[PDB]
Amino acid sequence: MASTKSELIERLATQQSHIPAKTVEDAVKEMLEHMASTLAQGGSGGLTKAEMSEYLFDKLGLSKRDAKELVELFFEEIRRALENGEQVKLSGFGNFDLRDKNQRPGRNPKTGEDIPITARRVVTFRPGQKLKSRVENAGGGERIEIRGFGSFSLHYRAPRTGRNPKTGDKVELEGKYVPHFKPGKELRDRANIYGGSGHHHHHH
């Protein structure tokens, strides 16, 4: 129960036959690079499905129509893996994990009245080291926002005196930014095996 970058490119390849696999493969790598770049240096404001497609056009010389179907399928395939209970591991970027959470005490932050947090399965993203280095090294760029999938942004870490957990020796750590992913509604619903029933949908 684990999907990799290559296993993902393989499924996107056998679903994009009208496109040469090598291009299907080059595409995913360009997307992930465009994505890392955005979070690391940014420069071009928020990243979106359109910017990722335009980029594949410019860069790979792909039809604007194919870059769009691909970008969409790329994230669709990831959702399919997770919804099926599979962990998605994209080397050089990060891993999308599934966690079963038990019910725990909550409340209406405004009123204060206790209201329990139901048990559920969530999608979490663990930034890889390759990526974490780029974001602290570069300094921090823009966010990524893909509706229905999730959004990536940067959270700030204040400087602090840390310890080498092996030796217990103190270490002086500088401020830096770290990537943070937020699963979008579609992905949370599909991945959470506790809501595939008559939904939540009323007006008052």
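All residue numbers refer to positions in the sequence shown, first residue = 1.
- Comparing the deposited coordinates for 103-111 and 121-129, the stretch with the larger average C-alpha B-factor is 103-111.
- Relative to its counterpart among 160-168 and 49-57, 49-57 has the higher mean temperature factor, C-alpha atoms as listed in the PDB entry.
- Between the residues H34, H155, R147, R65, the entry's highest C-alpha temperature factor is the one at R65.
- Per the PDB record, residue ranking by Cα B-factor puts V178 in the lowest third of the chain.
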